[PDB]
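The chain contents come next:
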Amino acid sequence: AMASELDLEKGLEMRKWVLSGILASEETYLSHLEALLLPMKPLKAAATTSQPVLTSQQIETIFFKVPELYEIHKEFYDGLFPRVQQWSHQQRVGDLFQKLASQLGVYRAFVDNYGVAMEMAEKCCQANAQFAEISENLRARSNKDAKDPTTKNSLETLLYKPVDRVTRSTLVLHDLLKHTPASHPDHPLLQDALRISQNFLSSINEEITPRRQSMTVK
């Protein structure tokens, strides 16, 4: 048995609302993220055919996990879809979140070479037209660089877009936890994944924006 349909619906609705917020943000994000791995596949082969625009060493440091991060998120998300209309018969959700926390070490490996990646990327744009064009056509929202004393956006900014959202995705674990009863083991599980996910970004707080107003000077 379980509770009546009229009682469980209150929980189904609310849970669906929060989970759907992730499927919704990830769906649209994943679609745009795929546009990056799309040319990456043939470019990986290009590293061993004729003479490509950039060397594999210059590609691999930037694209270190670009396609992996797409699959890691879509596996979680695409498997969430059927599950919203098929809440398990006598089980809860948490292992899907645990998987994201499990592989968090790769997110650090990328940050461990963030500077090195931008250092090559900035040079790659001036050094090659095909890298310059994609770096100009940078798929993004409106900017405040067409009238300001600043200049165009660099590779650092494009990599920082997903990173900012990933720092905010820890809040969903904190929100979910609040609604979950403490008496159930589901509470400390959500708490545990939140501990490592928050500490990871907090340990690089000054790395990913040292101060609120930091821009280059002449």
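- Solution NMR is the method the PDB entry states for this structure.

- Per the PDB entry, the protein chain goes by Breakpoint cluster region protein and derives from Homo sapiens.
- The deposited entry bears the title "Solution structure of the Dbl-homology domain of Bcr-Abl".

1. Considering the packing of aromatic side chains
- Tallied over the full model, the rule gives two aromatic pairs.
- Here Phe76 and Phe97 contribute two aromatic rings whose centre-to-centre distance is 6.3 Å and whose plane-to-plane angle is 50°, an arrangement assigned as tilted. Of this pair, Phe76 sits in helix α3 (residues 66-78) while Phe97 sits in helix α5 (residues 95-102), and the two are 21 residues apart along the sequence.
- Of the residues examined, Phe97 reaches a relative accessible area of 6% and is grouped as buried.
- Each ring, one from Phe110 and one from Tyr114, has its centre 5.0 Å from the other, and the planes form 45°; the classification is tilted.
- Cation over ring: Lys65 sits above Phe64, and NZ or CZ is 4.4 Å from the ring centre.

What counts, and at which threshold
- Residues numbered from 1 in each chain as written, not as in the entry; some residues may be left out.
- Heavy atoms only, no water.
- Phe/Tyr/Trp six-rings, centres within 6.5 Å; stacked < 30°, edge-to-face > 60°.
- Helix = DSSP H or I, 4+ residues; strand = E, 2+ residues; numbered from the N terminus.
- Buried < 20%, exposed > 50% of the residue type's maximum accessible area, 1.4 Å probe, protein only.
- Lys NZ or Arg CZ within 6 Å of the ring centre and 35° of its normal.

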